[PDB]
Amino acid sequence: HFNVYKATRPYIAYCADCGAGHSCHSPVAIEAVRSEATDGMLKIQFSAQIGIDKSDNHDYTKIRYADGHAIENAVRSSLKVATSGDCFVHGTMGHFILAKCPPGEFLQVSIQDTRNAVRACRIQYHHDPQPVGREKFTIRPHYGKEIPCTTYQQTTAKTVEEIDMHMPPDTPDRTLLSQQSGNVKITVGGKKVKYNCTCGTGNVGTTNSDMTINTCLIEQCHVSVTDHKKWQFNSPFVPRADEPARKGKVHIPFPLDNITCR
Amino acid sequence: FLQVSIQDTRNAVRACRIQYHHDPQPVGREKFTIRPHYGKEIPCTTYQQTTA
Amino acid sequence: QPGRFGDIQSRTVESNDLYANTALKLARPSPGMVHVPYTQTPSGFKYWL
Amino acid sequence: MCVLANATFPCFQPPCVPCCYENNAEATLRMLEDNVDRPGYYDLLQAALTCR
Amino acid sequence: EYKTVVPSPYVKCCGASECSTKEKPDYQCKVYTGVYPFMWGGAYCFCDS
Ligand SMILES: *[C@@H]1O[C@H](CO)[C@@H](O[C@@H]2O[C@H](CO)[C@@H](O[C@@H]3O[C@H](CO)[C@@H](O)[C@H](O)[C@@H]3O)[C@H](O)[C@H]2NC(C)=O)[C@H](O)[C@H]1NC(C)=O
Ligand SMILES: *[C@@H]1O[C@H](CO)[C@@H](O[C@@H]2O[C@H](CO)[C@@H](O[C@@H]3O[C@H](CO)[C@@H](O)[C@H](O)[C@@H]3O)[C@H](O)[C@H]2NC(C)=O)[C@H](O)[C@H]1NC(C)=O
């Protein structure tokens with residue numbers, strides 16, 4: 001069947017603080033948190049999509065994440081989501097993770113890097129659940145009524161939902177310029193890098209292989225990997241490549257459904 | 001309170017906890033919890049890592 | 001009115017037309033960042049609840 | 001009901017069948033980026049990224 | 001309850017962009033001049049200001 005998560009990639013966005021009070025571009029940036037389920041279940045949204053390995057195969061243990069225009073994968077274990085206490089992870093698919101957290105004033109998600117280094121993001125969120133009914137109990141009893149309530153299910157059938165997707169912008173880089181002696185070289189690897197230089201009418205246009213300048217210094221030429229060929233996400237932390245926009249559509253998992261609470 | 005602990009030679013935890021009432025309040029006129037991605041810049045003071 | 005009951009009003013649950021009034025405003029981005037800051041009065045339905 | 005340039009083909013049977021993405025990824029994506037307002041989008045997306 | 005939709009910003013390297021009006025509920029659009037954004041590996045839009 002359709003494997004829609006083949007034209008999508010993890011990306012790198014700007015997280016407010018990475019668990020230490022300092023801000024840096026993390027691969028596990030947190031987008032909006034949705035909590036319209038009565039029993040108190042959250043739909044946290046990553047940036048680094050999970051459940052699908054680097055080779056675009058469904059795996060229960062590998063999750064993709066972006067690392068400098070290069071995709072790797074990390075073990076699904078060590079995916080820790082927490083609030084004032086320590087949450088419980090229910091669902092896992094795509095960008096979205098389901099959790100039931102104790103009350104608190106923030107939440108963070110983190111996972112080990114390829115070299116086993118924690119990559120965390122922390123967002124301010126006032127979580128305080130109130131169970132359906134007229135009593136503010138904590139855990140379910142072994143004798144009681146049944147009251148209707150709503151929750152997020154684990155089904156991934158047709159849902160009638162949308163995410164806007166677009167092609168990634170011209171990612172800039174500077175580690176690909178190497179000044180040897182009065183000339184620079186551009187690294188390759190599949191990245192059809194775009195360039196713009198000021199030295200002697202310069203050079204406008206995109207290459208696909210190595211190139212030499214022979215004329216000017218480093219601080220005139222530039223690297224702008226274009227990539228394309230994969231939809232990223234429509235996030236406010238990463239720019240667009242064109243004014244009239246392109247836009248796509250993907251269905252989010254875990255719809256909302258009726259159950260009964262005790 | 002707070003406690004500090006670290007393993008012995010034989011991997012036995014050695015601990016010590018002291019009573020301490022900790023309740024920080026950020027500088028300014030809002031008692032926010034973590035820093036935003038858009039705001040003002042207010043001076044403060046902190047301990048630096050340098051050992052000069 | 002913004003911030004109270006019926007800030008956004010839809011003539012029917014399936015109706016396409018929508019009237020929203022929540023004092024959405026945009027602010028200049030900080031130097032060296034890409035974030036599109038904005039400010040908005042919170043939902044009127046939640047405060048009515 | 002979907003259109004490509006001047007094709008106007010049914011969305012259920014795109015002209016790229018089969019392996020639309022594998023043959024030409026970028027062409028497939030730019031194809032899907034003009035049908036977002038067409039009601040027959042999803043069935044096109046079903047066919048576009050499906051082949052054995 | 002409402003839901004604020006914020007599409008990704010459009011940064012024009014070495015140029016100027018013009019705002020266009022649309023028929024959307026509570027639409028807001030503005031253009032800011034003199035930005036010098038940054039990304040993870042380096043700051044694109046070579047033009048200084
Ligand atoms: C590669 O980078 C150079 C900058 O080093 C870009 O040149 C810049 O081009 C823009 C418009 O194409 C210029 O903006 C306007 O130019 C007119 C020209 O008369 C001027 O009157 C305006 O006041 C405004 O500056 C900009 O000046 C120019 N910068 C220069 C020459 O240093 C070039 O566009 C880049 N390549 C591509 C393909 O965009
Ligand atoms: C949980 O159960 C409730 C009720 O058991 C579901 O609400 C029901 O949703 C259907 C939508 O298919 C409503 O039908 C609608 O009827 C109106 C006419 O009044 C029509 O214009 C619509 O096109 C649609 O056919 C139904 O009225 C509504 N029930 C009530 C009492 O309002 C709910 O969808 C279930 N699922 C959840 C909450 O996730």
# chains A, B, ... in the order shown; residues from 1 in each chain; ligands from 1
call {"tool": "interface_residues", "arguments": {"of": "chain C", "to": "chain A", "cutoff": "7 Å", "atoms": "only C-alpha atoms", "output": "list in words"}}
result
residues 34, 35 and 36 of chain C
call {"tool": "residues_around", "arguments": {"residues": "segment 39-42 of chain E", "least_positions_apart": "4", "cutoff": "12 Å", "atoms": "only C-alpha atoms", "output": "JSON, numbers by chain"}}
result
{"A": [11, 12, 13, 14, 15, 23, 24, 25, 26, 27, 66, 67, 68, 69, 169, 170, 171, 172, 173, 174, 175, 176, 222, 223, 224, 225, 237, 238, 239], "C": [32, 33, 34, 35], "E": [46]}
call {"tool": "write_last_selection", "arguments": {"atoms": "C-alpha atoms", "output": "PDB file, in the first residue's frame"}}
result
ATOM      1  CA  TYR A  11      14.579  18.496   9.787  1.00  0.00           C
ATOM      2  CA  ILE A  12      16.480  20.792  12.145  1.00  0.00           C
ATOM      3  CA  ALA A  13      14.622  23.626  13.887  1.00  0.00           C
ATOM      4  CA  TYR A  14      15.391  26.119  16.646  1.00  0.00           C
ATOM      5  CA  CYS A  15      14.511  25.028  20.184  1.00  0.00           C
ATOM      6  CA  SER A  23      19.366  27.757  22.781  1.00  0.00           C
ATOM      7  CA  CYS A  24      20.685  25.746  19.851  1.00  0.00           C
ATOM      8  CA  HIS A  25      19.258  24.159  16.704  1.00  0.00           C
ATOM      9  CA  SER A  26      18.178  20.714  17.860  1.00  0.00           C
ATOM     10  CA  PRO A  27      16.858  17.798  15.797  1.00  0.00           C
ATOM     11  CA  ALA A  66      18.231  14.993  10.633  1.00  0.00           C
ATOM     12  CA  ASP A  67      21.887  15.844  11.184  1.00  0.00           C
ATOM     13  CA  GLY A  68      23.401  18.452   8.880  1.00  0.00           C
ATOM     14  CA  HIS A  69      21.664  17.523   5.602  1.00  0.00           C
ATOM     15  CA  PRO A 169      14.842  25.839   1.207  1.00  0.00           C
ATOM     16  CA  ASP A 170      18.405  26.410   0.019  1.00  0.00           C
ATOM     17  CA  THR A 171      20.306  25.165   3.049  1.00  0.00           C
ATOM     18  CA  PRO A 172      23.516  27.189   3.510  1.00  0.00           C
ATOM     19  CA  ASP A 173      26.816  25.769   4.675  1.00  0.00           C
ATOM     20  CA  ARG A 174      30.449  26.807   5.011  1.00  0.00           C
ATOM     21  CA  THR A 175      32.364  23.615   5.813  1.00  0.00           C
ATOM     22  CA  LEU A 176      32.320  22.760   2.088  1.00  0.00           C
ATOM     23  CA  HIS A 222      29.174  30.293  -0.803  1.00  0.00           C
ATOM     24  CA  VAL A 223      27.538  26.907  -0.439  1.00  0.00           C
ATOM     25  CA  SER A 224      23.765  26.513  -0.711  1.00  0.00           C
ATOM     26  CA  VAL A 225      22.733  22.870  -0.985  1.00  0.00           C
ATOM     27  CA  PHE A 237      11.219  28.085  11.926  1.00  0.00           C
ATOM     28  CA  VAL A 238      12.372  27.177   8.382  1.00  0.00           C
ATOM     29  CA  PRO A 239      11.847  29.549   5.436  1.00  0.00           C
TER      30      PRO A 239
ATOM     31  CA  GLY C  32      19.632  36.618  13.786  1.00  0.00           C
ATOM     32  CA  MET C  33      16.506  34.461  13.971  1.00  0.00           C
ATOM     33  CA  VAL C  34      13.697  33.117  11.793  1.00  0.00           C
ATOM     34  CA  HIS C  35      10.553  32.684  13.863  1.00  0.00           C
TER      35      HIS C  35
ATOM     36  CA  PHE E  46      24.721  37.170   1.409  1.00  0.00           C
TER      37      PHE E  46
END
call {"tool": "closest_atom_pairs", "arguments": {"of": "chain E", "to": "chain C", "cutoff": "7 Å", "atoms": "only C-alpha atoms", "output": "CSV"}}
result
residue,atom,partner,partner_atom,distance
E:1,CA,C:45,CA,5.5
E:2,CA,C:43,CA,6.7
E:9,CA,C:36,CA,6.7
E:25,CA,C:20,CA,5.6
E:26,CA,C:20,CA,5.8
E:32,CA,C:28,CA,6.8
E:35,CA,C:31,CA,6.9
E:36,CA,C:32,CA,6.1
E:37,CA,C:32,CA,4.8
E:38,CA,C:32,CA,5.4
call {"tool": "write_last_selection", "arguments": {"atoms": "C-alpha atoms", "output": "PDB file, in the first residue's frame"}}
result
ATOM      1  CA  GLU E   1     -11.845  27.023  19.928  1.00  0.00           C
ATOM      2  CA  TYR E   2      -9.777  28.572  17.166  1.00  0.00           C
ATOM      3  CA  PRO E   9       8.230  32.990   6.415  1.00  0.00           C
ATOM      4  CA  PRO E  25     -10.718  35.367   8.554  1.00  0.00           C
ATOM      5  CA  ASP E  26      -8.604  37.817  10.557  1.00  0.00           C
ATOM      6  CA  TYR E  32      10.100  43.692   7.503  1.00  0.00           C
ATOM      7  CA  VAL E  35      16.720  41.314   8.306  1.00  0.00           C
ATOM      8  CA  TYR E  36      19.880  39.196   8.310  1.00  0.00           C
ATOM      9  CA  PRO E  37      18.659  35.697   9.183  1.00  0.00           C
ATOM     10  CA  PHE E  38      20.787  32.748  10.217  1.00  0.00           C
TER      11      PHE E  38
END
call {"tool": "residues_near_ligand", "arguments": {"ligand": "ligand 2", "cutoff": "12 Å", "atoms": "only C-alpha atoms and all ligand atoms", "output": "JSON, numbers by chain"}}
result
{"A": [36, 37, 38, 148, 149, 150, 151, 152, 153, 159, 254, 255, 256, 257, 258, 259, 260], "C": [12, 13, 14, 15]}
call {"tool": "closest_atom_pairs", "arguments": {"of": "chain A", "to": "chain B", "cutoff": "12 Å", "atoms": "only C-alpha atoms", "output": "JSON lines"}}
result
{"residue": "A:14", "atom": "CA", "partner": "B:37", "partner_atom": "CA", "distance": 8.8}
{"residue": "A:15", "atom": "CA", "partner": "B:37", "partner_atom": "CA", "distance": 8.0}
{"residue": "A:16", "atom": "CA", "partner": "B:37", "partner_atom": "CA", "distance": 5.5}
{"residue": "A:17", "atom": "CA", "partner": "B:35", "partner_atom": "CA", "distance": 7.1}
{"residue": "A:18", "atom": "CA", "partner": "B:34", "partner_atom": "CA", "distance": 10.7}
{"residue": "A:19", "atom": "CA", "partner": "B:34", "partner_atom": "CA", "distance": 9.7}
{"residue": "A:20", "atom": "CA", "partner": "B:34", "partner_atom": "CA", "distance": 10.2}
{"residue": "A:21", "atom": "CA", "partner": "B:35", "partner_atom": "CA", "distance": 7.5}
{"residue": "A:22", "atom": "CA", "partner": "B:35", "partner_atom": "CA", "distance": 9.1}
{"residue": "A:23", "atom": "CA", "partner": "B:37", "partner_atom": "CA", "distance": 8.9}
{"residue": "A:24", "atom": "CA", "partner": "B:37", "partner_atom": "CA", "distance": 11.2}
{"residue": "A:84", "atom": "CA", "partner": "B:33", "partner_atom": "CA", "distance": 11.8}
{"residue": "A:104", "atom": "CA", "partner": "B:33", "partner_atom": "CA", "distance": 10.7}
{"residue": "A:105", "atom": "CA", "partner": "B:33", "partner_atom": "CA", "distance": 7.3}
{"residue": "A:106", "atom": "CA", "partner": "B:33", "partner_atom": "CA", "distance": 7.8}
{"residue": "A:107", "atom": "CA", "partner": "B:34", "partner_atom": "CA", "distance": 10.5}
{"residue": "A:108", "atom": "CA", "partner": "B:34", "partner_atom": "CA", "distance": 11.4}
{"residue": "A:121", "atom": "CA", "partner": "B:34", "partner_atom": "CA", "distance": 11.3}
{"residue": "A:122", "atom": "CA", "partner": "B:34", "partner_atom": "CA", "distance": 8.0}
{"residue": "A:123", "atom": "CA", "partner": "B:34", "partner_atom": "CA", "distance": 7.4}
{"residue": "A:124", "atom": "CA", "partner": "B:34", "partner_atom": "CA", "distance": 6.2}
{"residue": "A:125", "atom": "CA", "partner": "B:33", "partner_atom": "CA", "distance": 9.3}
{"residue": "A:126", "atom": "CA", "partner": "B:33", "partner_atom": "CA", "distance": 10.1}
{"residue": "A:237", "atom": "CA", "partner": "B:37", "partner_atom": "CA", "distance": 10.7}
call {"tool": "residues_near_ligand", "arguments": {"ligand": "ligand 1", "cutoff": "6 Å", "atoms": "only C-alpha atoms and all ligand atoms", "output": "PDB file with N, CA and C atoms, in the first residue's frame"}}
result
ATOM      1  N   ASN A 196      27.732  31.562  -5.460  1.00  0.00           N
ATOM      2  CA  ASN A 196      27.697  32.960  -5.871  1.00  0.00           C
ATOM      3  C   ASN A 196      28.976  33.610  -5.363  1.00  0.00           C
ATOM      4  N   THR A 198      32.087  36.941  -5.941  1.00  0.00           N
ATOM      5  CA  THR A 198      32.258  38.337  -6.318  1.00  0.00           C
ATOM      6  C   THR A 198      33.515  38.563  -7.162  1.00  0.00           C
ATOM      7  N   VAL A 204      27.795  32.502 -11.235  1.00  0.00           N
ATOM      8  CA  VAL A 204      26.410  32.282 -10.836  1.00  0.00           C
ATOM      9  C   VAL A 204      25.935  30.972 -11.441  1.00  0.00           C
TER      10      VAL A 204
ATOM     11  N   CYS E  14      18.509  39.614  -1.102  1.00  0.00           N
ATOM     12  CA  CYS E  14      18.883  40.686  -2.024  1.00  0.00           C
ATOM     13  C   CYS E  14      17.689  41.134  -2.867  1.00  0.00           C
ATOM     14  N   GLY E  15      16.721  41.737  -2.192  1.00  0.00           N
ATOM     15  CA  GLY E  15      15.555  42.252  -2.880  1.00  0.00           C
ATOM     16  C   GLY E  15      14.551  42.801  -1.895  1.00  0.00           C
ATOM     17  N   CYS E  47      23.670  39.338   0.958  1.00  0.00           N
ATOM     18  CA  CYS E  47      23.557  40.782   1.114  1.00  0.00           C
ATOM     19  C   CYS E  47      23.468  41.142   2.592  1.00  0.00           C
TER      20      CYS E  47
END
call {"tool": "residues_around", "arguments": {"residues": "residue 42 of chain D", "least_positions_apart": "3", "cutoff": "12 Å", "atoms": "only C-alpha atoms", "output": "MDAnalysis selection string"}}
result
(chainID A and resid 2 4 158:162 248:251) or (chainID D and resid 1:2 11:12 32:33 35:39 45:49)
call {"tool": "write_last_selection", "arguments": {"atoms": "N, CA, C and O atoms", "output": "mmCIF file, in the first residue's frame"}}
result
data_model
loop_
_atom_site.group_PDB
_atom_site.id
_atom_site.type_symbol
_atom_site.label_atom_id
_atom_site.label_comp_id
_atom_site.auth_asym_id
_atom_site.auth_seq_id
_atom_site.Cartn_x
_atom_site.Cartn_y
_atom_site.Cartn_z
ATOM 1 N N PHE A 2 0.223 2.414 0.141
ATOM 2 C CA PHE A 2 0.920 3.690 0.158
ATOM 3 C C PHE A 2 1.879 3.766 1.333
ATOM 4 O O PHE A 2 1.562 3.317 2.439
ATOM 5 N N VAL A 4 3.397 6.804 2.368
ATOM 6 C CA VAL A 4 3.493 8.256 2.227
ATOM 7 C C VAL A 4 4.726 8.818 2.917
ATOM 8 O O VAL A 4 5.312 9.801 2.453
ATOM 9 N N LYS A 158 -8.238 5.995 7.547
ATOM 10 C CA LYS A 158 -8.570 7.302 6.995
ATOM 11 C C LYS A 158 -9.100 8.214 8.095
ATOM 12 O O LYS A 158 -9.989 7.830 8.859
ATOM 13 N N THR A 159 -8.559 9.430 8.171
ATOM 14 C CA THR A 159 -8.821 10.305 9.307
ATOM 15 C C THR A 159 -9.379 11.674 8.954
ATOM 16 O O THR A 159 -9.996 12.296 9.827
ATOM 17 N N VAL A 160 -9.184 12.166 7.734
ATOM 18 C CA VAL A 160 -9.601 13.511 7.342
ATOM 19 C C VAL A 160 -8.816 14.502 8.192
ATOM 20 O O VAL A 160 -9.346 15.113 9.127
ATOM 21 N N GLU A 161 -7.525 14.624 7.897
ATOM 22 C CA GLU A 161 -6.616 15.516 8.602
ATOM 23 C C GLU A 161 -5.569 16.008 7.613
ATOM 24 O O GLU A 161 -5.373 15.417 6.548
ATOM 25 N N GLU A 162 -4.890 17.095 7.965
ATOM 26 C CA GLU A 162 -3.965 17.712 7.034
ATOM 27 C C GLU A 162 -2.730 18.236 7.748
ATOM 28 O O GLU A 162 -2.802 18.743 8.867
ATOM 29 N N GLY A 248 1.544 20.864 0.334
ATOM 30 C CA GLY A 248 1.119 19.492 0.118
ATOM 31 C C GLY A 248 0.049 19.115 1.125
ATOM 32 O O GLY A 248 -0.596 19.967 1.729
ATOM 33 N N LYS A 249 -0.141 17.811 1.300
ATOM 34 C CA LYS A 249 -1.102 17.315 2.275
ATOM 35 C C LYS A 249 -0.675 15.928 2.727
ATOM 36 O O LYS A 249 -0.411 15.059 1.897
ATOM 37 N N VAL A 250 -0.598 15.737 4.042
ATOM 38 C CA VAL A 250 -0.371 14.430 4.638
ATOM 39 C C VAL A 250 -1.336 14.283 5.809
ATOM 40 O O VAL A 250 -1.717 15.261 6.455
ATOM 41 N N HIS A 251 -1.739 13.043 6.074
ATOM 42 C CA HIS A 251 -2.692 12.757 7.138
ATOM 43 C C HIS A 251 -1.962 12.432 8.434
ATOM 44 O O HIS A 251 -1.056 11.596 8.446
ATOM 45 N N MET D 1 -9.855 13.682 -12.814
ATOM 46 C CA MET D 1 -10.243 15.079 -12.661
ATOM 47 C C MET D 1 -9.008 15.961 -12.522
ATOM 48 O O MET D 1 -9.063 17.169 -12.754
ATOM 49 N N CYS D 2 -7.895 15.345 -12.140
ATOM 50 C CA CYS D 2 -6.645 16.060 -11.961
ATOM 51 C C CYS D 2 -6.068 16.468 -13.312
ATOM 52 O O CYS D 2 -6.423 15.924 -14.359
ATOM 53 N N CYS D 11 -7.841 11.129 -11.884
ATOM 54 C CA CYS D 11 -6.894 11.064 -10.777
ATOM 55 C C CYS D 11 -6.615 9.626 -10.364
ATOM 56 O O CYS D 11 -5.533 9.329 -9.843
ATOM 57 N N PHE D 12 -7.568 8.722 -10.589
ATOM 58 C CA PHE D 12 -7.382 7.330 -10.194
ATOM 59 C C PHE D 12 -6.316 6.636 -11.033
ATOM 60 O O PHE D 12 -5.662 5.704 -10.550
ATOM 61 N N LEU D 32 2.169 16.675 -7.515
ATOM 62 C CA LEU D 32 1.253 16.702 -6.383
ATOM 63 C C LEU D 32 1.067 18.099 -5.817
ATOM 64 O O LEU D 32 0.108 18.333 -5.079
ATOM 65 N N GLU D 33 1.952 19.028 -6.147
ATOM 66 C CA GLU D 33 1.890 20.372 -5.601
ATOM 67 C C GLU D 33 0.999 21.305 -6.409
ATOM 68 O O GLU D 33 0.900 22.487 -6.073
ATOM 69 N N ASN D 35 -2.226 19.936 -7.322
ATOM 70 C CA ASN D 35 -3.538 19.326 -7.149
ATOM 71 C C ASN D 35 -4.102 19.520 -5.747
ATOM 72 O O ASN D 35 -5.122 18.905 -5.413
ATOM 73 N N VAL D 36 -3.476 20.364 -4.924
ATOM 74 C CA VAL D 36 -3.885 20.473 -3.527
ATOM 75 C C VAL D 36 -5.312 20.994 -3.419
ATOM 76 O O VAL D 36 -6.061 20.602 -2.517
ATOM 77 N N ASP D 37 -5.713 21.881 -4.323
ATOM 78 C CA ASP D 37 -7.073 22.395 -4.299
ATOM 79 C C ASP D 37 -8.059 21.507 -5.044
ATOM 80 O O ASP D 37 -9.271 21.735 -4.942
ATOM 81 N N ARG D 38 -7.584 20.515 -5.782
ATOM 82 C CA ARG D 38 -8.490 19.616 -6.490
ATOM 83 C C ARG D 38 -9.099 18.622 -5.508
ATOM 84 O O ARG D 38 -8.377 18.053 -4.685
ATOM 85 N N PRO D 39 -10.414 18.395 -5.559
ATOM 86 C CA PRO D 39 -11.027 17.415 -4.647
ATOM 87 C C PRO D 39 -10.460 16.016 -4.778
ATOM 88 O O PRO D 39 -10.412 15.280 -3.783
ATOM 89 N N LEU D 45 -2.672 10.903 -4.703
ATOM 90 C CA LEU D 45 -1.540 10.655 -3.817
ATOM 91 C C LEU D 45 -1.438 9.179 -3.462
ATOM 92 O O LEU D 45 -0.342 8.665 -3.213
ATOM 93 N N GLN D 46 -2.575 8.482 -3.422
ATOM 94 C CA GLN D 46 -2.561 7.039 -3.208
ATOM 95 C C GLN D 46 -1.809 6.331 -4.325
ATOM 96 O O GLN D 46 -1.002 5.430 -4.078
ATOM 97 N N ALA D 47 -2.071 6.725 -5.570
ATOM 98 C CA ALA D 47 -1.440 6.067 -6.709
ATOM 99 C C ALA D 47 0.001 6.523 -6.890
ATOM 100 O O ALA D 47 0.861 5.754 -7.330
ATOM 101 N N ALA D 48 0.282 7.784 -6.553
ATOM 102 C CA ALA D 48 1.577 8.369 -6.881
ATOM 103 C C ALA D 48 2.729 7.677 -6.165
ATOM 104 O O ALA D 48 3.807 7.517 -6.745
ATOM 105 N N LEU D 49 2.533 7.269 -4.917
ATOM 106 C CA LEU D 49 3.603 6.696 -4.112
ATOM 107 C C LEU D 49 3.326 5.236 -3.780
ATOM 108 O O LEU D 49 3.535 4.788 -2.653
#
call {"tool": "closest_atom_pairs", "arguments": {"of": "chain A", "to": "chain D", "cutoff": "9 Å", "atoms": "only C-alpha atoms", "output": "Markdown table"}}
result
| residue | atom | partner | partner_atom | distance |
| --- | --- | --- | --- | --- |
| A:1 | CA | D:50 | CA | 6.0 |
| A:2 | CA | D:50 | CA | 5.0 |
| A:3 | CA | D:49 | CA | 6.6 |
| A:4 | CA | D:49 | CA | 6.5 |
| A:6 | CA | D:49 | CA | 8.0 |
| A:7 | CA | D:29 | CA | 8.2 |
| A:166 | CA | D:33 | CA | 8.4 |
| A:167 | CA | D:29 | CA | 8.9 |
| A:228 | CA | D:26 | CA | 7.2 |
| A:229 | CA | D:26 | CA | 4.7 |
| A:230 | CA | D:26 | CA | 7.7 |
| A:231 | CA | D:29 | CA | 8.0 |
| A:246 | CA | D:33 | CA | 5.5 |
| A:247 | CA | D:33 | CA | 6.1 |
| A:248 | CA | D:33 | CA | 5.8 |
| A:249 | CA | D:36 | CA | 7.2 |
| A:250 | CA | D:42 | CA | 9.0 |
call {"tool": "atom_distance", "arguments": {"atom1": "atom CA of residue 190 of chain A", "atom2": "atom CA of residue 207 of chain A"}}
result
10.5 Å
call {"tool": "select_by_dssp", "arguments": {"residues": "chain B", "states": "strand (DSSP E)", "output": "VMD selection string"}}
result
chain B and resid 2 to 7 13 to 18
call {"tool": "select_by_dssp", "arguments": {"residues": "chain C", "states": "helix (DSSP H, G or I)", "output": "list in words"}}
result
residues 44, 45, 46, 47 and 48 of chain C
call {"tool": "residues_around", "arguments": {"residues": "residue 16 of chain C", "least_positions_apart": "5", "cutoff": "12 Å", "atoms": "only C-alpha atoms", "output": "PyMOL selection string"}}
result
(chain C and resi 9-11) or (chain E and resi 24-25)
call {"tool": "write_last_selection", "arguments": {"atoms": "N, CA and C atoms", "output": "mmCIF file, in the first residue's frame"}}
result
data_model
loop_
_atom_site.group_PDB
_atom_site.id
_atom_site.type_symbol
_atom_site.label_atom_id
_atom_site.label_comp_id
_atom_site.auth_asym_id
_atom_site.auth_seq_id
_atom_site.Cartn_x
_atom_site.Cartn_y
_atom_site.Cartn_z
ATOM 1 N N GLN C 9 -17.317 32.981 15.179
ATOM 2 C CA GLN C 9 -18.704 32.565 15.042
ATOM 3 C C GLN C 9 -18.914 31.950 13.674
ATOM 4 N N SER C 10 -19.432 30.732 13.653
ATOM 5 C CA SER C 10 -19.705 30.017 12.418
ATOM 6 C C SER C 10 -21.198 29.757 12.333
ATOM 7 N N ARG C 11 -21.806 30.122 11.204
ATOM 8 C CA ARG C 11 -23.261 30.053 11.100
ATOM 9 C C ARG C 11 -23.777 28.633 11.269
ATOM 10 N N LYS E 24 -9.274 35.948 4.027
ATOM 11 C CA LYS E 24 -9.234 34.937 5.067
ATOM 12 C C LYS E 24 -9.650 35.568 6.385
ATOM 13 N N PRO E 25 -10.240 34.790 7.290
ATOM 14 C CA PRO E 25 -10.718 35.367 8.554
ATOM 15 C C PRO E 25 -9.563 35.877 9.398
#
call {"tool": "atom_distance", "arguments": {"atom1": "atom CA of residue 211 of chain A", "atom2": "atom CA of residue 188 of chain A"}}
result
9.5 Å
call {"tool": "atom_distance", "arguments": {"atom1": "atom CA of residue 147 of chain A", "atom2": "atom CA of residue 262 of chain A"}}
result
6.3 Å
call {"tool": "decode", "arguments": {"residues": "segment 11-30 of chain D", "atoms": "C-alpha atoms", "output": "PDB file, in the first residue's frame"}}
result
ATOM      1  CA  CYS D  11      -6.894  11.064 -10.777  1.00  0.00           C
ATOM      2  CA  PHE D  12      -7.382   7.330 -10.194  1.00  0.00           C
ATOM      3  CA  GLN D  13      -5.183   6.439 -13.207  1.00  0.00           C
ATOM      4  CA  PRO D  14      -2.228   8.834 -13.473  1.00  0.00           C
ATOM      5  CA  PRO D  15      -0.076   8.686 -16.626  1.00  0.00           C
ATOM      6  CA  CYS D  16       3.046   7.804 -14.601  1.00  0.00           C
ATOM      7  CA  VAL D  17       1.796   4.340 -13.570  1.00  0.00           C
ATOM      8  CA  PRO D  18       3.670   2.514 -12.154  1.00  0.00           C
ATOM      9  CA  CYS D  19       6.316   3.636  -9.623  1.00  0.00           C
ATOM     10  CA  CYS D  20       5.715   7.346 -10.116  1.00  0.00           C
ATOM     11  CA  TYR D  21       8.045   8.333  -7.277  1.00  0.00           C
ATOM     12  CA  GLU D  22      10.824   5.831  -8.015  1.00  0.00           C
ATOM     13  CA  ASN D  23      11.162   6.836 -11.672  1.00  0.00           C
ATOM     14  CA  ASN D  24      11.154  10.608 -11.098  1.00  0.00           C
ATOM     15  CA  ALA D  25      10.842  11.805  -7.506  1.00  0.00           C
ATOM     16  CA  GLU D  26      10.928  15.543  -8.163  1.00  0.00           C
ATOM     17  CA  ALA D  27       8.492  15.355 -11.078  1.00  0.00           C
ATOM     18  CA  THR D  28       6.067  13.391  -8.908  1.00  0.00           C
ATOM     19  CA  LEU D  29       6.261  15.937  -6.089  1.00  0.00           C
ATOM     20  CA  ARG D  30       5.794  18.934  -8.375  1.00  0.00           C
TER      21      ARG D  30
END
